[PDB]
Every structure is written in C-alpha cells, then in structure tokens.
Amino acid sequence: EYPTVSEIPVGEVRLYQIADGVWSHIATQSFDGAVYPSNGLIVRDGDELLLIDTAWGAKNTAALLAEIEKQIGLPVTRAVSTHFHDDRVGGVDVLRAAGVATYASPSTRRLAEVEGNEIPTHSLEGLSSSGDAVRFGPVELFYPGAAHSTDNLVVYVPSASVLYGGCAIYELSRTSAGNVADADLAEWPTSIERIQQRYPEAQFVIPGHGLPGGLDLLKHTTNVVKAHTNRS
C-alpha cells in the first residue's frame, strides 16, 4: 500500500499514514533519465505539524504544503532538514515563504552554503558530536556520526516507535551503494550501529528513498555500504 513512482505523477506528492500522528511524504524527481522516489516525514505536534525534510525541490514542496493543507489541515510550523542535499533543503524557500520555521544543524547549514543550496533559517544546537541527541517537540533528533553525509541526522518519533533514517538508511531493494560523493564510507557502519544501539525498540524504519521496513534496514545498509567499500 506504500506509494511508489508509478502512483506519483511528476510534481506531485503523496502522503502515507504510518501511525497515529505520523505520516511520510513521498515525491519524485528524475536523475539521469531514471525516476527516483524520496521520503520525508510529518509528525503531529499538538495542533501543529512538524515537517521532516522538503519534498525535493520548490515545485514538489509547494505541492507538499498543498497536500498537507488538503489532507491533514493543520499548520506546518517547523521543518527540520536532515542533511544538506537537495532532497532535504530544496524547497526551504517555499517553506519559509509559507511561514514555516526551517531548522537544520550548523553542520548542515554550513554544508548547504558551501554547496550553494538553500539554507534553513534556524540552527539546531547540540548535535555536532556523534551520539548527540536533542528533543524537538514530538521527535528526538540524533546525530549518529557521518554516514551518507557528514551532517546526516536521524529522527525518532517515540510515541509511534517510528525511526526515520533519511538517506543514511537504504531500502531493501537497493542492493548497491547510491550517491556516496559526500559520504564517510569508513564511519557509516559505526554510525548505523549507534542508531541500532539507541533505537532498538523501533517498529517502523523509513529510508530516505523507497519502502519502509523494520530495523533490518540498518543491517541491510551496513551490508551494502561494506560491499561498496570493498569494490575492487
């Protein structure tokens, strides 16, 4: 029942209810002639909504806000970008123009600026050291260490036992490494083990791209990362 590319036209976003007060958003974009899905998260925060990640670009993110407005009808007051890439901060200007307070760690804000990407306005302190966690309303933000990127954060919704791994966690169907240009291949397995150690009770695990699963997605990603590391 989870939305895949065939169900999402160009420029549109679908929402998927994972648990009470927790949804994923799914959008698509083309890269080198192939179509990729991308996931973000929506977490109910009292009578407001916390958004995790843009929908990968200004068009998709405008569609994201319209679909949230249409389907949930609660204001998106804060957004957190979980790393500096365009599927996470692309669309931050649309969020900002719509009154959403956009947040990212200083590490992500720094890397986004270097890359010429959009820059969330607010800074999330307390996340610069591997193993650091901070509460952000209905979620915990966790910096597990460098993996897919040096700044990647994961998000845990304790009320629903939902772990959102972002692009540091691969879906099961991905059996070879994706974009590792900004990755720390040497530290990625150790970072995944920090996630496993902190959230062993997680019931739902959302990769940045593709189908949700359980905690097996962590070991899966480690397997794929180690196989890529040993490419000969």
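Quick note: we count residues from 1 along the sequence shown, nothing fancier.
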**Complete:** Going by the entry, of stretches 215 to 223 and 20 to 28 the one with greater average Cα B-factor is 20 to 28
**Request:** Determine, for stretches 71 to 79 and 119 to 127, which one has the higher mean CA B-factor as deposited.
**Result:** 71 to 79
**Prompt:** Of the choices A104, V134, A98, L153, which one's C-alpha carries the largest B-factor in the record?
**Reply:** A98
**Message:** By the CA temperature factor listed in this entry, which of these ranks top: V205, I42, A177, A34?
**Reply:** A34
**Item:** CA B-factor placement of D53, once the chain's modelled residues are sorted into thirds
**Value:** lowest
**Complete:** Temperature factor at the Cα of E201, chain-ranked in thirds, falls in the highest
**Request:** Ordered by C-alpha B-factor within the chain, which third holds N60? Give me lowest, middle or highest, please.
**Result:** highest
**Item:** Ranked against its chain, the third holding the CA B-factor of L163
**Value:** middle
**Request:** Relative to the other modelled residues of the same chain, rank the CA B-factor of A186 and answer lowest, middle or highest third.
**Result:** middle
